[PDB]
Amino acid sequence: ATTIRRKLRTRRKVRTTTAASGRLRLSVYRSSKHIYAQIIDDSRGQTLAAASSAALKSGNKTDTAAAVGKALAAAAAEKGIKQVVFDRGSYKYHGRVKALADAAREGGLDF
Amino acid sequence: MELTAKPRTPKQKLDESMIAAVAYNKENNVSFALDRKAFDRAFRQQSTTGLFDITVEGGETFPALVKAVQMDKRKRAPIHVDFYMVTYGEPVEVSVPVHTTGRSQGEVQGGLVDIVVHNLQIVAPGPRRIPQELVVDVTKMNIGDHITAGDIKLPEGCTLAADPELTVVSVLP
Amino acid sequence: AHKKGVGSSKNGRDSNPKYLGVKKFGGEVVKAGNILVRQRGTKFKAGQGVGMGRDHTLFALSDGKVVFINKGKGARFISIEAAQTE
Amino acid sequence: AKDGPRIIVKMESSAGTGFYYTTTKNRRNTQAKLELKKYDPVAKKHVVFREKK
Amino acid sequence: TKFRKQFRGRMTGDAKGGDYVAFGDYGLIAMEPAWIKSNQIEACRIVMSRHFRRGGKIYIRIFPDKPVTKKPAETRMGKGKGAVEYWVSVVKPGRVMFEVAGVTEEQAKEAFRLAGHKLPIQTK
Amino acid sequence: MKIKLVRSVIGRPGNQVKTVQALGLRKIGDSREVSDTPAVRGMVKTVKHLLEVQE
RNA sequence: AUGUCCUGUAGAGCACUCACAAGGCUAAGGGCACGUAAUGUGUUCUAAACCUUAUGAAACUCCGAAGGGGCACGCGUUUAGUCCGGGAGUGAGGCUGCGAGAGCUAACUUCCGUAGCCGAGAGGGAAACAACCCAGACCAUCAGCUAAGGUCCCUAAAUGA
RNA sequence: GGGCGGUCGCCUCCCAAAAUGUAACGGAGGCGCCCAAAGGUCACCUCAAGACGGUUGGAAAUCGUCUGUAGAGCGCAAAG
RNA sequence: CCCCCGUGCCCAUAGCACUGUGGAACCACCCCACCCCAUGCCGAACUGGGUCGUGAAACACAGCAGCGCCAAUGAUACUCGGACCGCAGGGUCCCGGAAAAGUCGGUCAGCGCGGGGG
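Okay, so let's go over this structure.

Each value, and the rule that gives it
Residues numbered from 1 in each chain as written, not as in the entry; some residues may be left out. Chains lettered and ligands numbered in written order. Part of a larger assembly, values for the part shown. Heavy atoms only, no water. Helix = DSSP H or I, 4+ residues; strand = E, 2+ residues; numbered from the N terminus. Buried < 20%, exposed > 50% of the residue type's maximum accessible area, 1.4 Å probe, protein only. Areas by Shrake-Rupley, 256 points an atom, 1.4 Å probe, with all protein chains shown as cover. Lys, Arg positive; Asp, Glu negative; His and termini not counted. Charge placed at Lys NZ, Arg CZ, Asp CG, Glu CD. 1 Å grid on protein atoms, 1.4 Å probe; cavity = no way out; pocket = protein on both sides within 12 Å on 5 of 7 lines; lining within 4 Å. Points joined across faces, edges and corners; volume = space filled by probe spheres on them. Nonpolar A, V, L, I, M, F, W, Y, C, P; charged D, E, K, R; others polar. Near = heavy atom within 4 Å. Polar contact = N/O pair within 3.5 Å; in protein donor to acceptor, adjacent residues only side chain to side chain. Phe/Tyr/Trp six-rings, centres within 6.5 Å; stacked < 30°, edge-to-face > 60°. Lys NZ or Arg CZ within 6 Å of the ring centre and 35° of its normal. Core = buried A, V, L, I, M, F, W, Y, C linked by side-chain atoms within 4.5 Å. Contact = heavy atoms within 4.5 Å. Patch = residues over 30% accessible without salt bridge, like charges linked within 9 Å, V, L, I, M, F, W, Y side chains within 5 Å. Salt bridge = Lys/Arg side-chain N within 4 Å of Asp/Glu carboxyl O. Buried area = accessible area lost by both parts, 1.4 Å probe.

**Thoughts on the overall build of chain B**
Argument step 1. Counting secondary structure elements, chain B contains zero helices and zero strands.
Argument step 2. Within chain B, the proportion of its 173 residues that are buried is 29%.
Argument step 3. Split by element, the accessible area of chain B, about 11800 Å² in all, is 55% carbon and sulfur.
Argument step 4. Chain B carries 19 positive and 22 negative side-chain charges, and their two centres are separated by 7 Å.

Right, dumping it as structure tokens:
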């Protein structure tokens, strides 16, 4: 259940970046292919660049999230580099929410 | 059976003999009028049965039909009704009536003339025309027969409304 | 007191509605809509509720507070054209 | 407000050095006499509260 | 013979209404909310059935609205009591429409009987 | 360019009366012109059938 | 004049509310019936009620305004926007319009609000007669016209077309 | 009108006259609570209701299912 | 100009049904299961690792009315206002604002926005 279950966190998330706008958003995607990130500052915005693979390629779920949490925690974070951020947390918390956010402050960001 | 007239107001619409009139043909709105002599040739014998002309003041020639019937509420001075004219690509309202005619084979057990008091039928008609040819009221009023609305001698094609199952004539003497 | 049938002799009761801020009028944190005496925050009365609507208003100053869950509060960022400062 | 063991309850806490009766009730569904608790008093932290008279 | 209870109430006001329909045979309509005493319309069909026939059924388009509350008369200087009157009130709706022939409107001839006001028959 | 006035008094609600607090004028015997405010072209049209062209 | 937002009456209309008429169908329904392991077999009628036909309404629904308020742009008449105080009144009205409430929609009976009127000023019309059509005044002139009302008379004014 | 009866506080409106917006021997439902939790946090789950035939199962209580302007329920009138 | 995980605008001119198709980069199933997470029971949509296979209804695309859905200044219904028929309603004209169904059309849009390609 996703395109029927996934509805809990959407507008309820954006209520701290739009009720304060002092924290960033966060994409977060399953796929289990690649990893990426792609965030945008303030709820009134939704456009920014990113990157891709061409780094270390060997698919995974656990140890692959914490990576970009620092491997690409500034490569795209041009504007300000870091400026009070908040995580998405769409679904549960398998560990991709941990090993990412717990490897987020690893390189950058002030959460 | 001519036309002319114009008045964009309910002035000559409430002055002895006249009407009000409505038109919305393809690029042809306005509100005409016309007198009211033999202006009750609707539900008589012309109920969509056939379609002559009119020769309006100036241009064109639109046949059209009658667009149901209406007369007048309570009295008998038909306040303004309506008038369809075949020149549109989606309105509704069809005039397919269902009468009552004959000696009434009701004196079999107990029952009088085919009643019916409604003024609405399960009908549909695609374009806009409403032919004139249908019965339904007869067919040995007794039991193990009946004859209402659901299919019958139906204009031309099929039907479309909502739920095909009104009541209309029926039997039940 | 004491009562019975075939007669009755009971009172009746209401309260003060008192809407207050009257639409396009300055702003500040007045009140408006005592549909619910407890009330709640609002910031900036957009005019919400079920179905499409929201009060054509736009007029920044301060917070707002309004109605109940019945219609809707506001809290919108936007003055009216203003956005920079004051 | 009535009196005579039937309906209503008349209990009201007790806390050492945390002067306050809690001043609220419920009912005798739960045990009588005894009445374990916890919860904040004057302020500070939580204090005694064990109920008695 | 209308409601069975569901509390009293109702108020007044006259004009016309809305309940006219293109009849199939020989209509008949009211013309404003005239006078019918309920216990008048309680003598509307039977009077329209002295002996029209052994059997026979047609159609009407109305139904008893009513209550009024009249109260005694020992000293009218009070509130109320209860209905104890009853009335229909209508517009220009259909109520008869024969389906026979030679008879035409024989029972729409002594319909005007219990009718202090004007109630034509028309036709459709 | 040369304006005049209608011909009526009582029998008119306060709505039209708001043509008085607008263009101050007593009686009818002698009427006059007006500024240059097209946003008044609709402040007499209530009982238009009483005035003239502009004489 | 204009910008902008809403209230949701009047009504349409209906599909959650109460009930409404006719047809198809509905009897998981009930009983008249030689039965009789639910009765498999079979039958007859509302009835819940789905669709259709297509019903009403103060307390109905995704509809929709007159009007009104909020402020703003600007001036036409004038202090309109702007509180503190010496002291009032006497609390018990009437009527036409606007709609209901108790009500054989009856009552210069009774409740309500909204313009006016008489409680604080006269007339023509209205036979004279508080709210009705016209009109509210500084004292004096046997000076003029307008609206109502009238153009045969008792007391004005064309039995003019 | 005396007044037995009936009335004396709060809350739902109908009628109240689409902002506020009154009355009434005009009318209908009650009360002066609950709760250590129907409070705060995070999470997942759409309710009555029919149908499919299968249990002690002569309806109904069991379950799977589509439908479901969701018609449940959210502590006791009522509106929102 | 290519296909395409995606954030809005939005809120039925993107509800359902019919044809077929792409799979290798998009996306589904799956595989293995003890361990992070420990699912009312189990680990199946909530689990750790991924190279077969296939894309079948579910993932996509245009054609695509069977009814929906947007569907008009135009006659009606409703209305600030003016003298009147006239009985309260109701009603004539003057006369502004100016529903709905019905008349066509269209419906399976469209623009910025992060890419795996000849």
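Resuming the write-up.
**A word on empty space enclosed by the protein**
Residues and elements named next belong to chain B.
Argument step 1. Within this model, the largest cavity holds a volume of roughly 30 Å³.
Argument step 2. In this structure, the largest cavity is lined by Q121, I122, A149, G150, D151, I152, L154 and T159.
Argument step 3. Partitioned by chemical class, the residues of the lining of the largest cavity number four nonpolar, three polar and one charged.

**Some remarks on the protein's contact with RNA strand I**
Argument step 1. Lining the immediate environment of RNA strand I, one finds 48 residues, of which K11, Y24, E90 and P91 of chain B together with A15 of chain E sit closest.
Argument step 2. In RNA strand I, atoms within 4 Å of the protein come from the sugar-phosphate backbone in 72% of cases.
Argument step 3. A distance of 2.5 Å separates a sugar or linking oxygen of RNA strand I from a polar atom in the backbone of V30 of chain B.
Argument step 4. A distance of 2.9 Å separates a sugar or linking oxygen of RNA strand I from a polar atom in the side chain of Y84 of chain B.
Argument step 5. Here the surface near RNA strand I is built from residues that sort into 19 nonpolar, 15 polar and 14 charged.

**Points about the packing of aromatic side chains**
Argument step 1. Inspection of every chain in the model, using the stated rule, returns three aromatic pairs over all chains.
Argument step 2. Arranged with centres 6.2 Å apart and planes meeting at 35°, the rings of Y39 of chain D and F49 of chain D form a pair that is tilted.
Argument step 3. Given the relative accessible area of 4%, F49 of chain D is considered buried.
Argument step 4. Ring geometry for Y20 of chain E versus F23 of chain E: centroids 5.4 Å apart, planes at 65°, classification edge-to-face. Residues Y20 of chain E and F23 of chain E agree in their burial class; the two are buried.
Argument step 5. The residue whose ring lies beneath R5 of chain A is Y91 of chain A, and the NZ or CZ to ring-centre distance is 3.6 Å.
Argument step 6. Directly above the ring of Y84 of chain B sits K67 of chain B, whose terminal nitrogen or CZ lies 3.5 Å from the centroid.

**A look at the protein's contact with RNA strand G**
Residues and elements named next belong to chain B.
Argument step 1. Near RNA strand G you find 48 residues, and of these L120, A162, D163, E165 and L166 are the closest.
Argument step 2. Within 4 Å of the protein, the atoms of RNA strand G are drawn from sugar and phosphate moieties in a proportion of 64%.
Argument step 3. A distance of 2.9 Å separates a phosphate oxygen of RNA strand G from a polar atom in the backbone of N119.
Argument step 4. A per-class count over the surface near RNA strand G returns 19 nonpolar, 16 polar and 13 charged.

**Considering the nonpolar core**
Argument step 1. Within the largest apolar cluster, eleven residues are counted, these being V113, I115 and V117 of chain B together with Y20, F23, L28, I29, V96, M97, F98 and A108 of chain E.
Argument step 2. When sequence neighbours within four positions are dropped, the list of residues in contact with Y20 of chain E reads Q70, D72, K73 and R74 of chain B together with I29 and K92 of chain E.
Argument step 3. Grouped together as the second largest cluster of nonpolar side chains are eight residues, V98, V116, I147 and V169 of chain B included.

**Here's the deal with a nonpolar patch on the surface**
Argument step 1. On the surface, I35, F68 and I69 of chain C cluster together to form a nonpolar patch covering roughly 310 Å² of accessible area.
Argument step 2. For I35 of chain C, a relative accessible area of 47% gives the class partly exposed.

**A word on the interface of chain B and chain E**
Argument step 1. On the chain E side, the residues contacting the 21 residues of chain B number 29 residues.
Argument step 2. Here chain B and chain E share an interface that buries about 2000 Å² over both sides, 59% of which is from carbon and sulfur atoms.
Argument step 3. The interface formed by chain B and chain E contains zero salt bridges.
Argument step 4. Scanning the region where chain B abuts chain E turns up nine residue pairs in polar contact.
Argument step 5. Across the side of chain B that touches chain E, the residue classes tally to eight nonpolar, six polar and seven charged.

**Some words on a positive patch on the surface**
Argument step 1. A contiguous patch of positive charge on the surface is contributed by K70, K71, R76, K79 and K81 of chain E.
Argument step 2. Under the relative-accessibility criterion, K79 of chain E is labelled exposed at 74%.

**Section: the pattern of salt bridges**
Argument step 1. Counted under the stated rule, the structure contains eight salt bridges over all chains.
Argument step 2. One salt bridge connects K109 of chain E with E110 of chain E, and the closest N-O pair in it is separated by 3.9 Å.

**A look at the environment of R30 of chain A**
Residues and elements named next belong to chain A.
Argument step 1. Tracing the chain through its elements places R30 in the segment before α1 (65-71).
Argument step 2. Once the C-alpha coordinates of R30 and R96 are considered, the two residues, 66 residues apart in sequence, prove to be 9.9 Å apart.
Argument step 3. Here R30 is in contact with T2, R5, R6 and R96, once residues within four sequence places are set aside.

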